[PDB]
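Just one chain follows, in the form deposited in one PDB entry, and it is written as structure tokens.
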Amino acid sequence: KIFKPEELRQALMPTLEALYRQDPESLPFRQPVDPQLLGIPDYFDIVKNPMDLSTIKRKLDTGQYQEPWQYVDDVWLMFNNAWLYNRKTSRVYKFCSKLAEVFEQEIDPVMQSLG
């Protein structure tokens, strides 16, 4: 089973758009982490493989995933990074949890269709 880039975009982009549509919860995740602007100078001591919504969107837009699981792995990498770095009481951690709840609901039927 070979997945063409347009077929992956058609199936998976709606699940990424669902996360962008969470406002304000997607705001911390819409651009690559910049620790100087965000005031978190130790970030890359903790997080070695950063990921954000715009990077995932570019990969889908340009055909960089060969298989649906690679896209799923990048979304969970984004979430796991934020749960790793942020305190459980923090706004970013709580926003991360809301996006993960949305993602689980949207991705389940789509992965069933691609499986």
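Basically, rigid core = biggest C-alpha set you can superpose within 1.5 Å across the two forms. Start at 1 and count along the sequence shown; that's the residue number.
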Once the rigid core is matched, which of the two stretches, 34 to 42 or 80 to 88, lies farther off on average in 7 other deposited structures of this protein by C-alpha? 34 to 42
Between 101 to 109 and 7 to 15, name whichever shows the higher mean Cα B factor according to the PDB entry. 101 to 109
Tell me which stretch, 79 to 87 or 40 to 48, has the higher mean Cα B-factor listed in the entry. 40 to 48
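There is another form of this protein, the form solved in complex with a small molecule, and it is not shown here; the text below is about that form.
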Even though the small molecule is not shown here, does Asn80 get within 4.5 Å of it in the deposited bound form, heavy atoms only? yes
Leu114 within 4.5 Å of the small molecule in the deposited bound form, heavy atoms: no
